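Colleague: Here it is, the structure in full.
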Amino acid sequence: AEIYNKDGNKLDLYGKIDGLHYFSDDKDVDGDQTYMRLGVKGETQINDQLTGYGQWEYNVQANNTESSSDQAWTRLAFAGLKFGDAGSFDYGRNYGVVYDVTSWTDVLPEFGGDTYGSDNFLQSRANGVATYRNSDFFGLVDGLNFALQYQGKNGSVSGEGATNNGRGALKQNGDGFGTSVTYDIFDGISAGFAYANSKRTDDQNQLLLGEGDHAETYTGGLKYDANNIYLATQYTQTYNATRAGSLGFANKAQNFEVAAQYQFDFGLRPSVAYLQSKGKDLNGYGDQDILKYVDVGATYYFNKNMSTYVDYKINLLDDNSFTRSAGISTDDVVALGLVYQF
Amino acid sequence: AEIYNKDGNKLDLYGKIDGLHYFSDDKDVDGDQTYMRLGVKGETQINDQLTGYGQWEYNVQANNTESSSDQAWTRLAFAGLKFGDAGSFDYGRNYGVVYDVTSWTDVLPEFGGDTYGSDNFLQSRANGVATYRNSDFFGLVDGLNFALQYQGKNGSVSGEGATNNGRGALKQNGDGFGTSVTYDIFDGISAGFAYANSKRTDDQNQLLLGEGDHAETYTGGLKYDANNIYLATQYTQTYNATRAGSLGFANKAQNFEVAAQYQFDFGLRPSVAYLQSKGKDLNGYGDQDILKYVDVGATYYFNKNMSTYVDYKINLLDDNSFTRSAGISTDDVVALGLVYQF
Amino acid sequence: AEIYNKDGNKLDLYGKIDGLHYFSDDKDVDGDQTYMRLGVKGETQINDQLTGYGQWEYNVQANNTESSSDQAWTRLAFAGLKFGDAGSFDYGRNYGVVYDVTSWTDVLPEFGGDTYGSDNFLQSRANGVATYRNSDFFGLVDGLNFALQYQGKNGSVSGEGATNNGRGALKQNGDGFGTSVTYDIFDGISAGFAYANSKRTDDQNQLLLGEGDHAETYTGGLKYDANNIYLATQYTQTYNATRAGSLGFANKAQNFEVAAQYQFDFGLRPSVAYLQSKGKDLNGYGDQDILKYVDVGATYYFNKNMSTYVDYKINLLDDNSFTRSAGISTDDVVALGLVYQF
Ligand SMILES: CCCCCCCCCCCC
Ligand SMILES: CCCCCCCCCCCC
Ligand SMILES: CCCCCCCCCCCC
Ligand SMILES: CCCCCCCCCCCC
Ligand SMILES: CCCCCCCCCCCC
Ligand SMILES: CCCCCCCCCCCC
Ligand SMILES: CCCCCCCCCCCC
Ligand SMILES: CCCCCCCCCCCC
């Protein structure tokens, strides 16, 4: 909601209040899930070419008691400059360039978008990331955009890995970089490829699974969007990058996602999708499946401010020594929600 | 404060900044008490009959250091639909229907409203609560309203009680339901009754006091409001529902509250009230008093945005083995405050 | 940004999003430093003479993971009344009157302002502080202002020191008071003096260094501001008030700060400053330096909403047994930032 516009400067106070409930045999996901988001977006005019911006986004959980702890966190926070034609530059806590392509399939009612995690190198939201983007290849080629980003090291809490912003091994990282490229081929058809590479840290190599100096990703995608039809698919291959439960990293893995949906003029929007993550050579566990399920659900829009939804996750995983040790869930889940947004 | 209204949608950013100070011989309540609340309220027009809404409210303490922890929590968070005549429906973190009646006496300057607590079954604010309300009995009877709500189970943090939203025994609960009914008899005279009942959990029965399968409440109230006079009283009887300090639950107890106040045209609003909670059969402690005091204070309004107040709690409890073991306070308290609200 | 003004009441929603990065050999300060501030300011008209106000300010860090803890805190929170001529009165979490003078030198791009800390008696931000201020000596003398404040005791977490708002020894305090006086001599020349005195607590005297019943400060300052020139200096002498690393308090110490800067009409604002804190009689460590460095940097303004900066701290301290035991840093630091504010 735009709440201020005057003298070259403008503001946006936005967010949502989601009433969620989960139904599952898995006791650590079953129950109330209500939460809420709050955010701010700014834009200031400097010249006829230069223009500054900034954005912050917060997540506040509302399913526990008034005495509970660690209930809220920050998802995004950054500042940048926009140069009209030559592109844009920003820095802070933001999305890794890999998401530029993998977001094409992150469009389910509740689930989905989980063959990666956050603070997982440059695959999703991350700390201290400098980003440069260019739009229609300067004004020349239409619909051809690309980006280049660098991320500094986020070490341990003490010892030598250490950096002021210390976290645990599964969320650490060394210096790295990545780039993406997308193109609008013709009518509602787009294609894209993105690559990333970064240094691993000492603590990471002293973990149960995974061994290497570098962490890498190669990802390509395709998408169709027109005439109330949405069709998208993504494929990505990783080397010492995707987490294997709580045990460590997969030496090599292959991820695949597919989504399809239709938009009825009267509000209903049914959806069907499928996804899986397969790991190879897991230090004595051989070849295992890390994630695998079929999702079926639908969402109803009252208007651009209110909606309801139902989502149904059908788990295809088999209970075994691996899933048990890694802490990976194998049960089904059903979500039901009511949400208001401004 | 309404900060946005345009195209069928409207917003409210509200709250307050309270400068509080407590004077007491009880060392764990004596001292600075400054805090602040922030909230948001929305409303979107859908049809000539349908209309969606949402509300969030946060509490942020300001009496400790910039390095202290667990200083802020969420009080309310929910979304609903309003059907014009047929009523309304909402879900999330909200008030239990019992408060529909007991709030009649929760009108003191600082103290009062404490024969119950929060996250105490359906007596005050609680997690994951679905609520349906109907206004003038459809349009037919004027001033006759009622409500019906259901609350899902909020288990332990692990083991089998467990649910994703795990908390400790004194704040757990099983599936339950409750209803309330209020009626405007004539000139500034209202009456109301509310009943609730819910399942208890394993962990709750392994506590020092209290034993049972169900937790129940029966509450009735009366109120007079007109000609600058305010008179209200509430009576409620519980079974395995009211907490007995930190030891467990009272097998049966009786709660009573009375408040009276006058509003001078020039701003001053003096107040006098009295309340007590009496417990029966406390597993070897017999019959004891759980709470008991007389309150006298007054508040001054500069306008609808600023005010000052003083409150004086006169504790009638006697120091003994019970109050000592349960952790119940027996000293007096004096509050003094300055508050600004928007 | 003023987002509401109507019917005698007005609101301000303000803040900033700062993209920061530190470069240092000191591993506990090196790395990402991104954070963000959010605040609210209100003002309500009561009479032709009376007028109420309120302010809150929050700090939210954005350089760690979505699972990290203790990432946000409250800096200010208070309410007051303004009496037109006779002055003003407010209470809550606010600045100590000593800052009225020492702020004259707290104007560096990133560093500086550190010969004191927060929750350090009445030298910076503190809990439960009642403040009275008077402007032009009632309307009589122009540019001559003064203030008088009292701060209640902030004890320990338990035992007898205890108060509801319990914190650790280095941040405790007893009852105290302080006053300041400033005067505008002539053209862009001001001078000021401020004094404070408060009782120490038991826990504070059982610390490794420092011994006394009272904590005191005597501070005087001078400033020149005109024709794009800024010149300021501050001197203050303490008795059992300035912290000596993590070991305790200095029995007596002397602090000195100097800053100088020039404002080019086209946006650039270079700056040079120097500061040091010298401690005397440190229970067997003799006379030591507690802080000492030279700072050189500059900031560029795109407009009243966007800016960039670089800051360079040149540490003059020598590595020794003292600095090592107290936990005092001896390396250099370089900051680089991009910031948007509203
Ligand atoms: C058997 C019908 C029961 C009807 C109960 C109506 C409750 C109205 C309460 C009015 C209190 C003054
Ligand atoms: C006009 C006064 C109406 C008060 C209603 C009292 C109802 C008492 C019900 C007792 C049920 C046990
Ligand atoms: C549904 C209406 C029930 C009316 C019961 C009135 C009981 C009043 C008791 C007041 C106790 C302080
Ligand atoms: C006009 C007030 C009528 C009060 C009626 C009271 C009915 C019995 C209430 C019993 C409460 C324990
Ligand atoms: C005219 C005032 C009527 C007040 C009624 C109080 C009812 C108290 C009920 C106590 C039941 C044990
Ligand atoms: C208007 C005030 C009504 C007061 C009714 C007295 C009820 C006393 C209840 C005592 C419960 C043990
Ligand atoms: C409604 C307020 C009445 C206050 C009367 C106080 C009487 C104190 C009696 C104490 C008995 C233990
Ligand atoms: C206006 C006078 C109201 C009197 C109400 C008396 C209630 C006293 C309660 C004492 C319980 C022991």
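Ligands are numbered from 1 in the order shown, chains are lettered A, B, ... in the order of the structure tokens, and residues start at 1 in each chain.
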Ligand 1: which residues are within 9 Å, counting only C-alpha atoms and all ligand atoms, as an MDAnalysis selection string?
Modeller: chainID B and resid 144 181:185 190:193
Colleague: Please tabulate, as CSV, the residues of chain B that come within 9 Å of chain C, each with its closest pair of atoms and the distance in Å to one decimal, counting only C-alpha atoms and ordering rows by chain, then residue number upward.
Modeller:
```
residue,atom,partner,partner_atom,distance
B:1,CA,C:4,CA,7.8
B:2,CA,C:4,CA,8.2
B:3,CA,C:4,CA,6.4
B:16,CA,C:54,CA,8.5
B:17,CA,C:78,CA,6.4
B:18,CA,C:79,CA,6.8
B:19,CA,C:92,CA,5.2
B:20,CA,C:92,CA,7.5
B:21,CA,C:128,CA,8.0
B:26,CA,C:163,CA,8.7
B:27,CA,C:163,CA,5.3
B:28,CA,C:164,CA,4.4
B:29,CA,C:164,CA,4.7
B:30,CA,C:163,CA,5.6
B:31,CA,C:163,CA,5.9
B:32,CA,C:128,CA,5.5
B:33,CA,C:165,CA,7.8
B:34,CA,C:92,CA,6.0
B:35,CA,C:77,CA,7.6
B:36,CA,C:77,CA,7.6
B:60,CA,C:74,CA,8.1
B:61,CA,C:74,CA,8.1
B:62,CA,C:74,CA,6.4
B:63,CA,C:127,CA,5.8
B:64,CA,C:165,CA,5.9
B:65,CA,C:119,CA,6.6
B:66,CA,C:73,CA,5.5
B:67,CA,C:73,CA,7.4
B:68,CA,C:167,CA,7.8
B:69,CA,C:70,CA,6.0
B:70,CA,C:70,CA,7.7
B:71,CA,C:73,CA,8.0
B:302,CA,C:46,CA,6.8
B:303,CA,C:46,CA,6.9
B:305,CA,C:44,CA,6.9
B:306,CA,C:52,CA,6.6
B:338,CA,C:79,CA,6.5
B:339,CA,C:79,CA,6.1
B:340,CA,C:54,CA,6.0
B:341,CA,C:54,CA,8.1
B:342,CA,C:42,CA,7.5
```
Colleague: Next, the residues of the selection above should be written as a tab-separated table (two decimals), in the first residue's frame with N, CA and C atoms.
Modeller:
```tsv
chain	number	residue	atom	x	y	z
B	1	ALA	N	-4.91	5.21	14.09
B	1	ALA	CA	-4.87	6.34	13.11
B	1	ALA	C	-5.07	5.73	11.73
B	2	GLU	N	-6.07	6.21	10.98
B	2	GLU	CA	-6.33	5.70	9.63
B	2	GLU	C	-5.36	6.38	8.67
B	3	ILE	N	-4.44	5.60	8.11
B	3	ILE	CA	-3.43	6.16	7.22
B	3	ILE	C	-3.61	5.85	5.74
B	16	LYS	N	0.59	2.58	21.30
B	16	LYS	CA	0.87	3.50	22.39
B	16	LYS	C	2.24	3.32	23.01
B	17	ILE	N	2.70	4.39	23.66
B	17	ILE	CA	3.98	4.48	24.36
B	17	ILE	C	3.69	4.89	25.81
B	18	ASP	N	3.82	3.92	26.72
B	18	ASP	CA	3.51	4.08	28.14
B	18	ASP	C	4.74	4.18	29.07
B	19	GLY	N	4.89	5.31	29.77
B	19	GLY	CA	6.01	5.49	30.70
B	19	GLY	C	5.53	5.06	32.08
B	20	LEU	N	5.88	3.84	32.48
B	20	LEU	CA	5.43	3.27	33.75
B	20	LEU	C	6.49	3.10	34.84
B	21	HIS	N	6.07	3.23	36.10
B	21	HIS	CA	6.97	2.98	37.23
B	21	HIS	C	6.21	2.33	38.38
B	26	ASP	N	8.12	-5.88	47.11
B	26	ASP	CA	8.38	-7.11	46.38
B	26	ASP	C	9.41	-6.76	45.33
B	27	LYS	N	10.61	-7.25	45.54
B	27	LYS	CA	11.73	-6.98	44.68
B	27	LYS	C	11.63	-7.41	43.22
B	28	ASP	N	10.76	-8.35	42.90
B	28	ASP	CA	10.68	-8.78	41.51
B	28	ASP	C	9.65	-8.04	40.65
B	29	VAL	N	9.00	-7.05	41.26
B	29	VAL	CA	8.04	-6.21	40.56
B	29	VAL	C	8.42	-4.73	40.72
B	30	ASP	N	9.25	-4.41	41.70
B	30	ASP	CA	9.66	-3.03	41.94
B	30	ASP	C	10.51	-2.48	40.78
B	31	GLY	N	10.36	-1.18	40.46
B	31	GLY	CA	11.16	-0.57	39.39
B	31	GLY	C	10.53	-0.09	38.08
B	32	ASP	N	11.37	0.20	37.09
B	32	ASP	CA	10.93	0.66	35.75
B	32	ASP	C	10.05	-0.38	35.02
B	33	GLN	N	9.02	0.08	34.31
B	33	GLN	CA	8.13	-0.84	33.64
B	33	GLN	C	7.72	-0.43	32.21
B	34	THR	N	8.36	0.62	31.71
B	34	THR	CA	8.09	1.17	30.39
B	34	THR	C	7.99	0.15	29.29
B	35	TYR	N	6.94	0.25	28.47
B	35	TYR	CA	6.74	-0.64	27.31
B	35	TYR	C	6.02	0.12	26.16
B	36	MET	N	5.66	-0.58	25.09
B	36	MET	CA	5.04	0.06	23.94
B	36	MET	C	4.33	-0.97	23.04
B	60	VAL	N	6.21	-4.62	22.80
B	60	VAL	CA	7.64	-4.46	22.86
B	60	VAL	C	8.02	-3.79	24.19
B	61	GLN	N	8.77	-4.50	25.03
B	61	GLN	CA	9.23	-3.99	26.33
B	61	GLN	C	10.41	-3.06	26.14
B	62	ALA	N	10.47	-2.04	26.99
B	62	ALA	CA	11.54	-1.04	26.92
B	62	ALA	C	12.21	-0.68	28.25
B	63	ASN	N	12.21	-1.63	29.19
B	63	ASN	CA	12.81	-1.40	30.50
B	63	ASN	C	14.13	-2.13	30.79
B	64	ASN	N	14.67	-2.81	29.78
B	64	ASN	CA	15.95	-3.48	29.95
B	64	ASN	C	17.02	-2.96	28.96
B	65	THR	N	18.22	-3.54	29.03
B	65	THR	CA	19.37	-3.14	28.20
B	65	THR	C	19.33	-3.55	26.72
B	66	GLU	N	20.16	-2.94	25.88
B	66	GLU	CA	20.17	-3.28	24.46
B	66	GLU	C	20.79	-4.63	24.15
B	67	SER	N	21.16	-5.35	25.20
B	67	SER	CA	21.77	-6.66	25.05
B	67	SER	C	20.91	-7.77	25.67
B	68	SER	N	19.79	-7.38	26.28
B	68	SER	CA	18.90	-8.34	26.93
B	68	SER	C	18.11	-9.09	25.89
B	69	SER	N	17.52	-10.21	26.31
B	69	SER	CA	16.77	-11.06	25.41
B	69	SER	C	15.33	-11.36	25.79
B	70	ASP	N	14.57	-11.84	24.81
B	70	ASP	CA	13.15	-12.18	24.95
B	70	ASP	C	12.27	-11.00	25.43
B	71	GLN	N	12.45	-9.86	24.77
B	71	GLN	CA	11.75	-8.61	25.10
B	71	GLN	C	10.48	-8.24	24.33
B	302	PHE	N	-6.24	14.08	29.25
B	302	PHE	CA	-5.99	15.38	28.66
B	302	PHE	C	-6.85	15.47	27.39
B	303	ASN	N	-6.96	14.36	26.67
B	303	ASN	CA	-7.80	14.25	25.47
B	303	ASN	C	-7.83	12.79	25.00
B	305	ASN	N	-5.92	11.26	23.32
B	305	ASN	CA	-4.57	10.85	22.97
B	305	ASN	C	-3.54	10.89	24.09
B	306	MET	N	-3.86	11.52	25.21
B	306	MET	CA	-2.89	11.61	26.29
B	306	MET	C	-3.56	11.43	27.62
B	338	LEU	N	2.49	7.84	32.53
B	338	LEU	CA	2.22	8.90	31.55
B	338	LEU	C	2.12	8.18	30.21
B	339	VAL	N	1.02	8.35	29.49
B	339	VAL	CA	0.89	7.64	28.22
B	339	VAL	C	0.31	8.43	27.06
B	340	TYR	N	0.94	8.22	25.90
B	340	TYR	CA	0.57	8.83	24.63
B	340	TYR	C	0.09	7.74	23.69
B	341	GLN	N	-1.04	7.93	23.01
B	341	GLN	CA	-1.53	6.93	22.06
B	341	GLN	C	-2.04	7.52	20.75
B	342	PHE	N	-1.86	6.75	19.67
B	342	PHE	CA	-2.27	7.14	18.33
B	342	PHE	C	-3.12	6.09	17.58
```
Colleague: Throw together the list of residues within 7 Å of ligand 6, counting only C-alpha atoms and all ligand atoms, and drop it here as a CSV table (one decimal) with C-alpha atoms, in the first residue's frame.
Modeller:
```csv
chain,number,residue,atom,x,y,z
B,231,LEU,CA,-20.9,-0.6,37.6
B,233,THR,CA,-19.5,-7.5,38.4
B,256,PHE,CA,-15.4,-13.0,41.9
B,258,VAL,CA,-16.5,-6.0,41.3
```
Colleague: Could you check how far CA of residue 250 in chain B sits from CA of residue 180 in chain B, in Å to one decimal?
Modeller: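 Those two atoms sit 23.5 Å apart.
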Colleague: Set the distance at 9 Å and use only C-alpha atoms: which residues neighbour residue 280 in chain A once local chain neighbours fewer than 4 positions away are removed? I'd like the list as a PDB file with N, CA, C and O atoms, in the first residue's frame.
Modeller:
```
ATOM      1  N   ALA A 250      25.722 -33.549   0.014  1.00  0.00           N
ATOM      2  CA  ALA A 250      25.775 -34.616  -0.988  1.00  0.00           C
ATOM      3  C   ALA A 250      26.926 -34.315  -1.929  1.00  0.00           C
ATOM      4  O   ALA A 250      27.037 -33.183  -2.421  1.00  0.00           O
ATOM      5  N   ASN A 251      27.766 -35.319  -2.190  1.00  0.00           N
ATOM      6  CA  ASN A 251      28.914 -35.148  -3.091  1.00  0.00           C
ATOM      7  C   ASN A 251      28.508 -34.709  -4.478  1.00  0.00           C
ATOM      8  O   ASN A 251      29.260 -34.019  -5.167  1.00  0.00           O
ATOM      9  N   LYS A 252      27.305 -35.106  -4.868  1.00  0.00           N
ATOM     10  CA  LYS A 252      26.756 -34.762  -6.157  1.00  0.00           C
ATOM     11  C   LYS A 252      25.280 -35.096  -6.094  1.00  0.00           C
ATOM     12  O   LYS A 252      24.914 -36.103  -5.488  1.00  0.00           O
ATOM     13  N   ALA A 253      24.428 -34.245  -6.670  1.00  0.00           N
ATOM     14  CA  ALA A 253      22.992 -34.516  -6.670  1.00  0.00           C
ATOM     15  C   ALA A 253      22.287 -33.893  -7.845  1.00  0.00           C
ATOM     16  O   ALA A 253      22.816 -32.984  -8.480  1.00  0.00           O
ATOM     17  N   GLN A 254      21.098 -34.409  -8.138  1.00  0.00           N
ATOM     18  CA  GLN A 254      20.289 -33.923  -9.248  1.00  0.00           C
ATOM     19  C   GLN A 254      18.871 -33.592  -8.778  1.00  0.00           C
ATOM     20  O   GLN A 254      18.169 -34.452  -8.219  1.00  0.00           O
ATOM     21  N   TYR A 285      26.475 -44.799   1.963  1.00  0.00           N
ATOM     22  CA  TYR A 285      25.015 -44.934   1.925  1.00  0.00           C
ATOM     23  C   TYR A 285      24.634 -45.110   0.457  1.00  0.00           C
ATOM     24  O   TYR A 285      23.454 -45.268   0.113  1.00  0.00           O
ATOM     25  N   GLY A 286      25.642 -45.019  -0.408  1.00  0.00           N
ATOM     26  CA  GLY A 286      25.418 -45.185  -1.829  1.00  0.00           C
ATOM     27  C   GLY A 286      24.582 -44.099  -2.468  1.00  0.00           C
ATOM     28  O   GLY A 286      24.828 -42.915  -2.258  1.00  0.00           O
ATOM     29  N   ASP A 287      23.616 -44.518  -3.280  1.00  0.00           N
ATOM     30  CA  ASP A 287      22.732 -43.593  -3.978  1.00  0.00           C
ATOM     31  C   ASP A 287      21.378 -43.599  -3.267  1.00  0.00           C
ATOM     32  O   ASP A 287      20.760 -44.650  -3.107  1.00  0.00           O
ATOM     33  N   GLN A 288      20.939 -42.426  -2.813  1.00  0.00           N
ATOM     34  CA  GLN A 288      19.675 -42.295  -2.089  1.00  0.00           C
ATOM     35  C   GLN A 288      18.838 -41.143  -2.600  1.00  0.00           C
ATOM     36  O   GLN A 288      19.345 -40.242  -3.271  1.00  0.00           O
ATOM     37  N   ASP A 289      17.552 -41.186  -2.271  1.00  0.00           N
ATOM     38  CA  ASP A 289      16.618 -40.118  -2.617  1.00  0.00           C
ATOM     39  C   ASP A 289      16.604 -39.204  -1.377  1.00  0.00           C
ATOM     40  O   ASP A 289      16.534 -39.706  -0.248  1.00  0.00           O
TER      41      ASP A 289
END
```
Colleague: Can you work out which residues are within 10 Å of ligand 8, considering only C-alpha atoms and all ligand atoms, and then hand them over as a PDB file with C-alpha atoms, in the first residue's frame?
Modeller:
```pdb
ATOM      1  CA  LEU B 231     -20.897  -0.579  37.577  1.00  0.00           C
ATOM      2  CA  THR B 233     -19.527  -7.534  38.392  1.00  0.00           C
ATOM      3  CA  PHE B 256     -15.371 -12.960  41.937  1.00  0.00           C
ATOM      4  CA  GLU B 257     -14.757  -9.359  40.680  1.00  0.00           C
ATOM      5  CA  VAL B 258     -16.484  -5.962  41.284  1.00  0.00           C
ATOM      6  CA  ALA B 259     -15.690  -2.537  39.816  1.00  0.00           C
ATOM      7  CA  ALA B 260     -17.182   0.909  40.155  1.00  0.00           C
ATOM      8  CA  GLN B 261     -16.282   4.292  38.653  1.00  0.00           C
ATOM      9  CA  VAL B 272     -12.684   1.447  43.187  1.00  0.00           C
ATOM     10  CA  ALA B 273     -12.754  -2.325  42.827  1.00  0.00           C
ATOM     11  CA  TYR B 274     -12.350  -5.632  44.689  1.00  0.00           C
ATOM     12  CA  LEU B 275     -11.500  -9.164  43.675  1.00  0.00           C
ATOM     13  CA  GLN B 276     -10.711 -12.648  44.963  1.00  0.00           C
ATOM     14  CA  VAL B 294      -8.677  -4.096  47.103  1.00  0.00           C
TER      15      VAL B 294
END
```
Colleague: List every residue of range 38-153 of chain C that DSSP, applied to the backbone, labels as strand (DSSP E or B), and write the result as an MDAnalysis selection string.
Modeller: chainID C and resid 38:45 51:61 72:82 88:95 125:134 144:151
Colleague: Could you report the residues within 9 Å of ligand 4, using only C-alpha atoms and all ligand atoms, as a PyMOL selection string?
Modeller: chain B and resi 185+189+191+220-222+235-236
Colleague: Give me, as an mmCIF file with C-alpha atoms, in the first residue's frame, all polymer residues having an atom no more than 10 Å from residue 133 in chain B, counting only C-alpha atoms and skipping those fewer than 4 positions away in the same chain.
Modeller:
```cif
data_model
loop_
_atom_site.group_PDB
_atom_site.id
_atom_site.type_symbol
_atom_site.label_atom_id
_atom_site.label_comp_id
_atom_site.auth_asym_id
_atom_site.auth_seq_id
_atom_site.Cartn_x
_atom_site.Cartn_y
_atom_site.Cartn_z
ATOM 1 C CA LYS B 82 -17.861 -10.753 7.428
ATOM 2 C CA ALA B 86 -25.457 -14.045 8.947
ATOM 3 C CA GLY B 87 -22.449 -13.074 11.163
ATOM 4 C CA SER B 88 -18.666 -13.412 10.925
ATOM 5 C CA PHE B 89 -15.866 -15.961 10.886
ATOM 6 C CA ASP B 90 -12.165 -15.650 11.780
ATOM 7 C CA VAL B 97 -15.171 -16.431 24.232
ATOM 8 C CA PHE B 137 -29.781 -12.849 16.238
ATOM 9 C CA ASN B 145 -25.606 -11.775 20.379
ATOM 10 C CA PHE B 146 -23.824 -15.076 20.716
ATOM 11 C CA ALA B 147 -20.653 -16.909 19.600
ATOM 12 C CA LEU B 148 -19.345 -20.462 19.123
ATOM 13 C CA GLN B 149 -15.639 -21.398 19.006
ATOM 14 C CA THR B 179 -19.924 -20.397 23.742
ATOM 15 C CA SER B 180 -21.162 -17.084 25.070
#
```
Colleague: If you run DSSP on the backbone here, which positions in range 116-298 of chain A get helix (DSSP H, G or I)? Please write them as an NGL selection string.
Modeller: :A and (137-139 or 169-171 or 202-205)
Colleague: Kindly export the residues of the current selection with C-alpha atoms, as an mmCIF file, in the first residue's frame.
Modeller:
```cif
data_model
loop_
_atom_site.group_PDB
_atom_site.id
_atom_site.type_symbol
_atom_site.label_atom_id
_atom_site.label_comp_id
_atom_site.auth_asym_id
_atom_site.auth_seq_id
_atom_site.Cartn_x
_atom_site.Cartn_y
_atom_site.Cartn_z
ATOM 1 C CA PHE A 137 21.141 -5.665 -22.787
ATOM 2 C CA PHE A 138 21.465 -1.818 -22.502
ATOM 3 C CA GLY A 139 18.429 -0.979 -24.650
ATOM 4 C CA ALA A 169 28.625 -25.230 9.531
ATOM 5 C CA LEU A 170 25.501 -26.051 7.491
ATOM 6 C CA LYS A 171 25.010 -22.276 6.933
ATOM 7 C CA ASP A 202 37.246 -25.914 7.186
ATOM 8 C CA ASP A 203 34.341 -26.711 9.528
ATOM 9 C CA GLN A 204 32.343 -27.893 6.501
ATOM 10 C CA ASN A 205 34.888 -30.573 5.611
#
```
